[PDB]
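# Structural description and commentary
Here are the chains, one letter per residue:
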Amino acid sequence: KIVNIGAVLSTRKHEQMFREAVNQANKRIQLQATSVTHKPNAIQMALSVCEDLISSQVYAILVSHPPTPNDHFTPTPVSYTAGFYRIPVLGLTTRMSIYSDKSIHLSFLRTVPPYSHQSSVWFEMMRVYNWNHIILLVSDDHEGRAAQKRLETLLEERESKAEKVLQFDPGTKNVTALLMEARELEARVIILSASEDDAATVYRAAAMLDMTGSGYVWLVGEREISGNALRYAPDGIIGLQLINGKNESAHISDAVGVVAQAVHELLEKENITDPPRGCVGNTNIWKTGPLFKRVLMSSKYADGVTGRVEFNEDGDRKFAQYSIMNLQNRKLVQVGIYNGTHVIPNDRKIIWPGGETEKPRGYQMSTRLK
Amino acid sequence: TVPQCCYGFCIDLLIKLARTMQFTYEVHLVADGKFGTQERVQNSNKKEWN
Amino acid sequence: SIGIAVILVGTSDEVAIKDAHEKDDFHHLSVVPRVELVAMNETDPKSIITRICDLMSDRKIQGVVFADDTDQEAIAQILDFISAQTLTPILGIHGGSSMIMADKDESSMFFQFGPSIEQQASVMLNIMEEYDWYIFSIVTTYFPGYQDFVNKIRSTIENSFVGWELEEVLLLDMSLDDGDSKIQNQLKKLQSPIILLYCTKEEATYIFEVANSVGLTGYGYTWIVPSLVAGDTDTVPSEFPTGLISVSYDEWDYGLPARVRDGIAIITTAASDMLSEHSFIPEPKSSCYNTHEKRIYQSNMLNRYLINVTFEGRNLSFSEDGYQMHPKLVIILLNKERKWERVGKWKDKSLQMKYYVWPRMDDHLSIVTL
Amino acid sequence: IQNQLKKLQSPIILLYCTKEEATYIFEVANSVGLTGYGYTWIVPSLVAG
């Protein structure tokens, strides 16, 4: 039959690219194309979403983050409109952790890894470097608490807790107390996970207290590398980044491919009931769309431009790739690639804070007891 | 916090232990004056020893 | 001069509540609230949003009271979306908006009368304590809130002096196809006369069918379920065994005779208290289109004033999560005939039963002593 | 059969059936799972054949 594809992005070139992608997918069974741009307001955005769902009656909708740098409240109206009728919605360039929870959104799948699983890369790096003692210093928020809980669970899985946990209020101005408390411990590994704005102040207050000398190792995320935080950053930071973060078309092609595979595996089923084209008319839950989401989440993708993409039972991509970036004398340089489960370094070397080139102990066994 | 001086069995025991282990110490008295017990207050996000 | 609208959908006593609305005693306050009775059909989210927008843009609307008659749960999510995108607080008192959503956004202003899951878990434990039932077990499936329920029951059983005993807590999953063997091998370890079940209506019917195939629901086993398994007290799925005990909200003693009146009174007294204390009254141009420039005024102090109100000798202080925290719960049970007969009433943290001994429905012999 | 075999609590079981009945009850017990580690069953000389 004639089953169109749903996708809502804001770019003419990306719209033409998505049209070509869905045409190539239909070439590989009649699949049409339906695309709607983004509005500055979100109430009119949801109104237009329901209007387009009426005029098209799609099975699933695709959505990506606009060039706006917030990427927080942009997919929430689309996700709410999708969950109103229990139909699945897939995100492309949204990595927030609030969407990982199935409580708010009953049907939502992402294509980028969340910051929670990013903490597992830190666990693997500490394991391969034999760093049992760490100082987890994160902010106080939803994503921060989720990442802290994930890291605590992954550490307790091996019967080992964290040396100390320190939390600060986001958007503060003085964190000297937390740093003074941390500087009186036996560990020498400080992990950081917060926004780009807090990282500058953290690095400034750290350098102001001589807490960036030799023997200390810093671990941050992608968000703490970019932005104006780069101006205040000691040499030797081991950060991470995404391979196809700002490239929308790369993810859009894979999304079109996997949704074409999904609809091809779907149309051969029984009791198929198309969603009602009466956005204004219907007031019930469509018989299809929950089961379609369930079979899409378990639909193992064949191949993609970004490698084999899989999905766990949380609406998040699994077995992603990260670029292990580093800072060497105010110059960013790559050290390796995280290939799913193995960290392979390149021929280059690492420049630790202070200038020495050696694996730090990360544990100072000072002897002054109370 | 008035500086006093202590002496007794455990004092010389800790002296000998620090001598054979070769480290330094900085003693301080108890804060509340109790060995230790569970302090169960309604205090939904609170549970610790006193 | 605050504008308050009252929207009703489906079948209801429209003229009766419209006449009763003109019975509020607001002579001791300078509020002059604009009241507009609007009735329509709960067709779709888009029409609801359009009506809300039109009524708000009509004449200086500063508050919205909502009541429904359908069974849709997504309408509460739509109300949360609206209250998040515009800082005008709303109140869902009855109908489809009675579904409690615990994971709300930060900038949302939404309050309902639904009881918290923790309150239901405390009521079902006070019932067991008053019935002298110190042995129980826990069974539940994958659901957004089962972990919270388990954590709350563990926190309330660990901090109590009465000797209890938790044995054979399970985390069975019925989503696996042909998983009847696993369910039968898991349910075979139950040995407690009191069972706590937390699942969905379909999952509840399935697990009840399984337990009846096993046979541990006829004579002495008494199971307790929260207020989400009932759904509708008028219909019976016919799969629920006899002697089932659940908790619900007191809707039979007051459907909507004075709920809208109490909501309007709370809104008016909160607005008056805010105007008296803060020396300011929020009354901007409540417009839907082109509202991005109206983000200069925040409603945090209003929320701070909305969670502290006492009128007519009744406690209406809400919680930060968004439930009432002082409801009037009732205790019902399923007897021989398929029906839910009210027995006990729980209000103001006090219990009020109706029978001195629990009816058991040989080997049940009374004993006379001296 | 599944409701009856669920009451066994002894590490030693004595079985007396026919070859087909023995295979059926063994399949049932393996579906339950009380034949792997510690359960030791004894059968007379008619089950072998």
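Residues numbered from 1 in each chain as written, not as in the entry; some residues may be left out. Chains lettered and ligands numbered in written order. Part of a larger assembly, values for the part shown. Heavy atoms only, no water. Residues with missing side-chain atoms left out of burial classes, pairs and counts.

Structure determination for this entry is recorded as cryo-EM, at 4.05 Å resolution.

### As for the overall build of chain C
Along its length, chain C carries 9 helices and 15 strands. Taken along its principal axes, the extent of the C-alpha atoms in chain C is 70 × 55 × 40 Å. (Helix = DSSP H or I, 4+ residues; strand = E, 2+ residues; numbered from the N terminus.)

### Things to note about the interface of chain C and chain A
Of the residues lining the interface, 13 residues belong to chain C; the matching set on chain A comes to 17 residues. Elements supplying a minimum of two residues to the side of chain C that touches chain A: α2 (45–58) and α3 (74–85) of chain C. Element by element, the count of residues in the side of chain C that touches chain A is highest for α3(C), at 3 residues. Of the residues in the side of chain C that touches chain A, the class split is 5 nonpolar, 4 polar and 4 charged. (Contact = heavy atoms within 4.5 Å. Nonpolar A, V, L, I, M, F, W, Y, C, P; charged D, E, K, R; others polar.)

### Some remarks on the state of the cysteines
Working definition: the covalent bond between the sulfur atoms of two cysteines is a disulfide. Disulfide pairing is shown between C50(A) and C279(A); the S-S distance is 2.0 Å. Handedness here is read from the sign of the S-S torsion; for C50(A) and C279(A), about 115 degrees, the answer is right-handed. In this pair, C50(A) is assigned in helix α2 (residues 43–56) and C279(A) in the loop between α8 (248–266) and α9 (290–297), connecting sequence segments 229 residues apart. Here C53(C) engages in a disulfide with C288(C); their sulfurs sit 2.0 Å apart. Residues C53(C) and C288(C) share a disulfide whose torsion about the S-S bond is about 90 degrees; that sign makes it right-handed. (Disulfide = S-S within 2.5 Å.)

### Notes on the packing of helix α4 (residues 115–128) of chain A against helix α5 (residues 142–156) of chain A
All names here are of chain A. Interaxial distance between α4 and α5 falls to 9 Å at its minimum, and their mutual angle equals 40 degrees. The pairing of α4 with α5 is recorded here as oblique in orientation. Note that α4 runs across α5; the crossing there is right-handed. Here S116, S119, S120 and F123 of α4 lie close against α5, whose contacting residues are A147, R150, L151, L154 and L155. Its residues assigned to classes, the contact of α4 with α5 shows 5 nonpolar, 3 polar and 1 charged. (Axes fitted to C-alpha atoms, helices over the stretch in contact; angles between N-to-C directions. Parallel < 35°, antiparallel > 145°, perpendicular 65-115°, else oblique. Left-handed = near helix turned anticlockwise from the far one by under 90°.)

### Some points on the interface of chain A and chain B
Counting residues at the interface gives 4 residues for chain A and 5 residues for chain B. Looking at the side of chain A that touches chain B residue by residue, the class counts come to 1 nonpolar, 1 polar and 2 charged. Judged from the 2 bridges that link them, strand β15 (residues 368–369) of chain A and strand β1 (residues 24–25) of chain B form a sheet pairing that is parallel. Residue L369(A) lies in a different strand from β1(B), and its bridge partner there is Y25(B). (Pairing = 2+ DSSP bridges.)

### Regarding the packing of helix α4 (residues 117–130) of chain C against helix α5 (residues 146–158) of chain C
Residues and elements named next belong to chain C. As a packed pair, α4 and α5 sit with axes 10 Å apart at the nearest point and diverge in direction by 45 degrees. It follows that α4 is oblique to α5 by the angle criterion. Note on packing geometry: the crossing formed by α4 with α5 is right-handed. Between α4 and α5, the contacting residues are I117, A121, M124 and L125 on the first element and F149, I153 and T156 on the second. Split by residue class, the contact of α4 with α5 holds 6 nonpolar, 1 polar and no charged.

### Considering the sheet that holds strand β4 (residues 90–94) of chain C
All names here are of chain C. Across the sheet, which stays open at both edges, the 5 strands sit in the order β2-β1-β3-β4-β5 with parallel pairing between neighbours. At either margin of the open sheet sits one strand with a lone partner, and together these are β2 (34–39) and β5 (110–112). Pairs of neighbouring strands in the sheet enclose a mean axial angle of 20 degrees, with direction left out of account. Strand direction decides the pairing type here: β4 and β5, joined by 3 bridges, are parallel. Paired with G92 across the bridge in β5 is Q112.

### A short note on the arrangement of the chains
Of all 2 pairs of chains that touch, the greatest number of contacts is found between chains A and C. The two units chain B and chain C remain apart, with a minimum C-alpha distance of 7 Å. Of all C-alpha pairs spanning chain B and chain D, none lies closer than 40 Å, and the two are not in contact.

### A short note on the UniProt feature "disulfide bond" in chain C
For the UniProt disulfide linking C53(C) and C288(C), the S-S separation comes out at 2.0 Å, below the 2.5 Å cut-off, so the bridge is there in this model. Of this pair, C53(C) sits in helix α2 while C288(C) sits in the loop between α8 (259–277) and α9 (300–306), placing them 235 residues apart in sequence. (UniProt positions renumbered as here; feature names shortened; annotations may be inferred.)

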